[PDB]
2 protein chains.
Amino acid sequence: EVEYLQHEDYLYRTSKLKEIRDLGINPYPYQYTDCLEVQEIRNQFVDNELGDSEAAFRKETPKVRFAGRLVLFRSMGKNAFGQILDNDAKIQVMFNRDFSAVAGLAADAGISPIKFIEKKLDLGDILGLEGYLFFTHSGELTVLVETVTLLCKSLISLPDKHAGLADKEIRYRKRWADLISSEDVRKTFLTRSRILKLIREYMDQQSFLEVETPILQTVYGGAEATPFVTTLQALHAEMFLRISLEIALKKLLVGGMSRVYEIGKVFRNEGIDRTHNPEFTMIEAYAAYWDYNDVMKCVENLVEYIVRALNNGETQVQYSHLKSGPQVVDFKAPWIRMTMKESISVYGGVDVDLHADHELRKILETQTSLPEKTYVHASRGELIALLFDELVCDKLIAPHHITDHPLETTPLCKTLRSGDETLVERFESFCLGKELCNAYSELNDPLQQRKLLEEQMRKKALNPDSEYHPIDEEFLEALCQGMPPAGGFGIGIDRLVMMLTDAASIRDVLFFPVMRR
Amino acid sequence: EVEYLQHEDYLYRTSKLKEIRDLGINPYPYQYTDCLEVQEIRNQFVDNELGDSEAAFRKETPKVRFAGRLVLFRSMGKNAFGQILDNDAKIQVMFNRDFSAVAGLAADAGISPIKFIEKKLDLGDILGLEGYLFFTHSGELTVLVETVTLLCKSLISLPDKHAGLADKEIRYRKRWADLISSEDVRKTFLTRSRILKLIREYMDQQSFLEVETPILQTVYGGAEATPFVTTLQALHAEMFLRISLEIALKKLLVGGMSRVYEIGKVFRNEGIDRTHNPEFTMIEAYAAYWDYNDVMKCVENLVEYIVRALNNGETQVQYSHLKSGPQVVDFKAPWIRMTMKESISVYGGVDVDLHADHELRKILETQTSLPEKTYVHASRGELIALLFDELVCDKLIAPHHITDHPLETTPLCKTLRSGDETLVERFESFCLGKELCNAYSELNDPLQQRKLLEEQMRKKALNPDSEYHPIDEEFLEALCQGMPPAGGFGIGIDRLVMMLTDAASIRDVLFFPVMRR
Ligand SMILES: C[C@H]1CCC[C@H](C[C@H]2Cc3cc(O)cc(O)c3C(=O)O2)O1
Ligand SMILES: C[C@H]1CCC[C@H](C[C@H]2Cc3cc(O)cc(O)c3C(=O)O2)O1
Ligand SMILES: N[C@@H](CCCC[NH3+])C(=O)O
Ligand SMILES: N[C@@H](CCCC[NH3+])C(=O)O
Ligand SMILES: [Cl-]
Ligand code: NA
Ligand code: NA
């Protein structure tokens, strides 16, 4: 059952509720008006020349109102000292038997203010503090409390501040306990919100318009993933949650919007690990009249701009959690640019074009651990893509753009303008061994687009494991209306946040990651 | 069965693909570099001192590059005039037999550049235009085209002008067609993106931090609605799509984040009509130490800010689509504020506290069309909400805050600080007869919170249509940890957009609304 309900701390704390109410005090009052943030008080008076505690007892120093969680308390007889935590900022408080009052505690109440503070309040309680600032002689900003208001009676103790492994697992669900206890977790999620704001700022200054498109669709596409399925009762209809943003934003290009982007949740019904949460956040952005080379500059300039805003103009970032040891990656533009075939020579030590189809298969079995079935009857392009996965991807620690993928890797990209129809003008961006961005010179030839989707459906998806998706005819009709030439990209925002906050796992950049029962 | 694949105009348009490629012209080229938006060109030269067509023929006026869809065209022998549509801006083009070249059309080809324009291009094609600006004699801004570039060969015609119900109904699905043909549709959606940006700007200015919380959860709550259900394969687990944002954000307040908001998709497996799409966008925002009066000011100030920013500082807006005829509504703060009982007197003609329960029932019986099951055994508070629904809600045309609802309307709100425990510190905002906002002095007494959820569970146990809905124990434990007093609101953004863009239906403010088969 619910275990804390029989814990001593809960039973003891709850028995104070009737005692506090019997004193005429509401332990869950309605507001605390006109109260500054602790951080704003610090900013306002940290270099100020405030008096000492005696100036505060004489009420000569500035008077403040603020609120927060009691996280430290020590009674010293006539005086008590404490620490209030407010929205990632801390400040010391001092209570005095003669100077401090408790809001709502009558003079003819049977308990003194200082004793109420010691006996009826607890660590974890949320308090409103009104009082006078001073500096200790060590320079610690402190508030001499004139009136303390109980704002919330907490019924369990503060979480353990320093979590072991088992507690850390629980706190991926009980995330509030992490946020109370850990400055580092608080900073991570503050940086995440800042990153999302920097993305919108950059896109807006490039004249992209932000839109929303449906998560629930009768189709799915724009990526290779098992979808989530659900039922819409009004129409008695099966619906898919989107696996990507691509098809919807391309229809808006046909609709005439030259630069669109969307930052949204997508859903891939796949595995859970350090880099995969089934619900994650993507940006996709499309710019008419661009190709993948324009997109490549846009993507690296976006990331460089975010890194500079977060790191005082510096472009270098430390990441600590690779198995190879702590690294420094420089996000300065331009990033390393290589074709896939080139990356296999440089990092895999294999010049792909000097080997025959059957010869490439022998390299796989000998130099990799892939199952024989993966490469036994794979086409040449698929064989190159597999050699990249196993011999190159993990060596891509510094930011890389990998260009010119085999046609097999996607049906939505134009082929190389040189006339080489076995490769597409695609790039994928990699950093710290993980994929960060996917981008195309977008396909807008409607007849070629149909042929590629038909050959992906029939020819490729006759594998017993693949879930049949029918050809998206509304998308082909939109292309017939006419989509401009365009360049588009998608970025896994959660993975970007990981690289910029030194997070070992995607679970560390999501408030509430998917968790087992 | 796709119809257009058998229509004459698709044969006529596709036939030109070979002819265009035989002339060495790629009809789906890769880019159009250094390409200004038509809107940018108008802003720089509409108020300029441009010359006439003869100055342009002398290549003395400003030279520009832009692109867009050919939406009008008329040949006059040596000269031809057309209209280019680019992201809701239009500009006239002039072609001339001797001045205009076609990109990639060799001199030794079998057709003249001007005849190529007439015979190989069509209304609907996307073109790149390079030429010289000038003013027609009537003052219309125009470009004398030096080089036209085919950027996309459209295979179907421009959408038709005459639309019945079925032709506009199809456009709710084929939205790209709607965007190309209707200036009002384009402006509605441009305005929508502006509104979202203004909401963020206002919330950030109030020091609210924007966060993301999960759509897929093991529970659902924070509103009354049937959820969507899906399956997460990796854990063999049933999941719910969220019906609101509330529980997750409250946990972040427990975590110590003073002010948070989220703008995100929620999903209610309910009916489809003018004000209901099963997937819709909400903002929810929570501020520690506020109550519902603080929230009320924040809500009306937020909307007034948006309205002034869109309407050159004006606060009045026209709305055309109510059955009572066109209204003007004024979003000027403060909005009209009324308790629910007051509104029932003012607008319903019933003074509820002068009546016994059975007289309230008799009123519902004779003055409304409710089925007898709805009220014959309803509690007094339930009867009051039904009197509001049936006699008041439709009449709230001007913006209203309706306050102090019966306790039965929600389990997540504090009762009146006056001590009247039959009513809660809730308000709902109404405009144009529709609910816009729901807001609370948030309940943070853990024992009271369990008690209200248990009472709701007891009441639902008597309705055979609702399945057992377990209490969210993690939420209760977070409240035991301690949530500050707080004020929170949720706004249906799609309904807000409807009111500020004179949209008859929620389907007019969603790019792709839910549609029957
Ligand atoms: C945004 C696009 C292109 C760039 C790589 C990125 C990888 C994407 C894969 C992916 C799959 C999945 O099931 C769960 C996830 O959390 C991710 C992810 O974070 O990153 O996808
Ligand atoms: C945002 C919260 C509080 C304010 C009213 C608002 C109404 C909400 C109801 C609702 C239910 C539904 O199934 C589909 C919908 O599109 C809406 C909606 O737009 O607005 O809900
Ligand atoms: N839909 C792609 C992102 C955009 C790729 C370029 N059009 C993905 O999920 O990877
Ligand atoms: N969760 C509410 C909105 C917030 C109400 C105030 N806590 C709803 O869906 O109506
Ligand atoms: Cl441990
Ligand atoms: Na009746
Ligand atoms: Na039931």
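In what follows, every heavy atom counts, from backbone to side chain, and hydrogens, waters and symmetry copies are set aside. The sequence lines fix the lettering, A, B, ..., with proteins before strands; numbering per chain opens at 1.
- We find that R259(B) and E210(B) are not joined by a salt bridge, their nearest charged nitrogen and carboxylate oxygen being 4.0 Å or further apart.
- Contact annotation: the side chain of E201(A) approaches that of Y305(A) to within less than 4.5 Å [non-hydrogen atoms, C-beta and beyond].
- Judged purely by distance below 3.5 Å, without hydrogens or angles, the side chains of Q316(A) and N311(A) never pair a donor atom with an acceptor atom.
- A donor-acceptor contact closer than 3.5 angstrom links the side chains of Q39(A) and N43(A).
- Between atom NZ of residue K18(A) and atom OG of residue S15(A) there is a gap of 11.5 Å, rounded to the nearest 0.5 Å.
- No donor-acceptor pair under 3.5 Å is formed between the side chain of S193(A) and the backbone N or O of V211(B).
- Aromatic ring orientation, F228(A) versus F267(A): perpendicular (interplanar angle above 60°, classes split at 30° and 60°).
- Between the side chains of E425(B) and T415(B), not a single donor N or O lies within less than 3.5 Å of an accepting N or O.
- In this model, no donor atom of one side chain and acceptor atom of the other lie less than 3.5 Å apart for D291(B) and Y289(B).
- Cation-pi contact between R65(A) and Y32(A): present, with separation from the ring centre below 6.0 Å and deviation from the ring axis of at most 45°.
- Two residues are said to be in side-chain contact when any heavy atoms from C-beta on lie closer than 4.5 Å; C298(B) and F489(B) meet this criterion.
- Between the side chains of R13(A) and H7(A), no donor N or O sits under 3.5 Å from an acceptor N or O.
- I84(A) has its side chain out of reach of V71(A): every pair of non-hydrogen atoms, C-beta onward, lies at least 4.5 Å apart.
- Ionic pairing of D88(A) and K187(A) is not present here: no N-O contact between side-chain nitrogen and carboxylate oxygen is shorter than 4.0 angstrom.
- Ion pairing of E474(B) with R175(A) is absent here, as no side-chain N (NZ or NE/NH1/NH2) approaches a carboxylate O to less than 4.0 Å.
- One finds no salt bridge joining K414(B) and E442(B) here, because no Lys/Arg side-chain nitrogen approaches an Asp/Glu carboxylate oxygen to under 4.0 Å.
- Ionic pairing of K16(A) and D122(A) is present here: one or more N-O contacts between side-chain nitrogen and carboxylate oxygen are shorter than 4.0 angstrom.
- Formation of a donor-acceptor pair under 3.5 Å by the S429(A) side chain with backbone atoms of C437(A) is not found in this model.
- Using a distance-only test at 3.5 Å, with no hydrogens or angles considered, a donor-acceptor pair links the side chain of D9(A) to the main chain of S157(A).
- With ring centers used as reference points, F208(B) lies under 6.0 Å from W290(B).
- Judged purely by distance below 3.5 Å, without hydrogens or angles, the side chains of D178(A) and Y172(A) never pair a donor atom with an acceptor atom.
- A donor-acceptor pair under 3.5 Å links the side-chain atoms of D502(A) to the main chain of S320(A), judged by distance alone.
- For the residue pair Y220(B) and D472(B), no side-chain donor N or O sits within less than 3.5 Å of a side-chain acceptor on the partner.
- A salt bridge is absent between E37(A) and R42(A): the closest approach of a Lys/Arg side-chain nitrogen to an acidic carboxylate oxygen does not fall below 4.0 angstrom.
- Checking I247(B), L252(B), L253(B) one by one against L249(B), the side chain to side chain contact (heavy atoms under 4.5 Å, CB included) holds for a single residue, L252(B).
- Ion pair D508(A)/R495(A) not flagged as a salt bridge, since none of the NZ, NE, NH1 or NH2 atoms sits closer than 4.0 Å to an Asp/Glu carboxylate oxygen.
- Side-chain N or O atoms of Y28(A) include one that pairs as donor or acceptor with a backbone N or O of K153(A) at under 3.5 Å.
- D86(A) has no carboxylate O lying under 4.0 Å from a charged side-chain N of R69(A), or vice versa, which leaves the two without a salt bridge.
- Inter-residue side-chain proximity for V93(A) and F66(A) is flagged as met; some heavy-atom pair is nearer than 4.5 Å.
- Salt bridge annotation for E224(B)-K460(B): present, with a cationic side-chain nitrogen under 4.0 angstrom from a carboxylate oxygen.
- No side-chain heavy atom of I199(B) sits under 4.5 Å from any side-chain heavy atom of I491(B).
- The backbone N or O of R507(A) sits less than 3.5 Å from a side-chain atom of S505(A), completing a donor-acceptor pair.
- A salt bridge is absent between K119(A) and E19(A); no separation between the charged side-chain nitrogens and carboxylate oxygens falls under 4.0 Å.
- Although no hydrogens or angles enter the test, the distance criterion places no donor-acceptor pair under 3.5 Å between the side chain of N277(A) and the main chain of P513(A).
- Donor-acceptor pairing under 3.5 Å is recorded for the side chains of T410(B) and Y440(B).
- At distances below 3.5 Å, not a single donor-acceptor pair connects side-chain atoms of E212(B) with backbone N or O atoms of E262(B).
- Side-chain atoms of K250(B) never come within 3.5 Å of backbone atoms of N444(B) as a donor-acceptor pair (strictly under, hydrogens ignored).
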